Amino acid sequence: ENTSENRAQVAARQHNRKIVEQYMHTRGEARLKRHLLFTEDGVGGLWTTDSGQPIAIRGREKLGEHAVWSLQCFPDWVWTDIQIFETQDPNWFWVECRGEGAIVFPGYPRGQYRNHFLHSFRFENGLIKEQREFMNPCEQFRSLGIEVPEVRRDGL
């Protein structure tokens, strides 16, 4: 039905989608200002790590500080093949994409990192309250020259 509440849900979803689009297309020096898309207390980070616990960066200003690190470690990163999924919750989106770029971690050789990624984006008052990245850490191991453990799958 065309009710005021349905219209507000649509307007919210439309505004939030634009912010996900902006986030996913932010490159180069603009990455240093991407934290401004978050709530003051917004969280972002990497939910799939070798330790099994997330690396969560808490707060808009922490996210900005971290972005200085990221731009060194991934100096030319781009997201590609971006597919944005709206959900029944106008404040929750998922993205499936790929990503490629140089990886420059201290203690490892410089390499070329490519992966497939899923991102979750939760909004509040039109700003990102929680962003989470999910990927396969094994691909990042390969990019760093770290030997990837193998699972034998007998009888599969």
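All residue numbers are counted from 1 along the displayed sequence.
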Ranked by mean Cα B-factor in the entry, 2-10 and 147-155, top stretch is 147-155
Ranked against its chain, the third holding the CA B-factor of residue 49
middle
Where does the C-alpha B-factor of residue 136 rank in its chain, lowest, middle or highest third?
lowest
C-alpha B factor of residue 106, ranked within the chain: lowest, middle or highest third?
highest
Would you please rank residue 126 by its C-alpha temperature factor against the other modelled residues of its chain and give the third it falls in: lowest, middle or highest?
highest
How does the C-alpha B factor of residue 95 compare with the rest of the chain: lowest, middle or highest third?
lowest
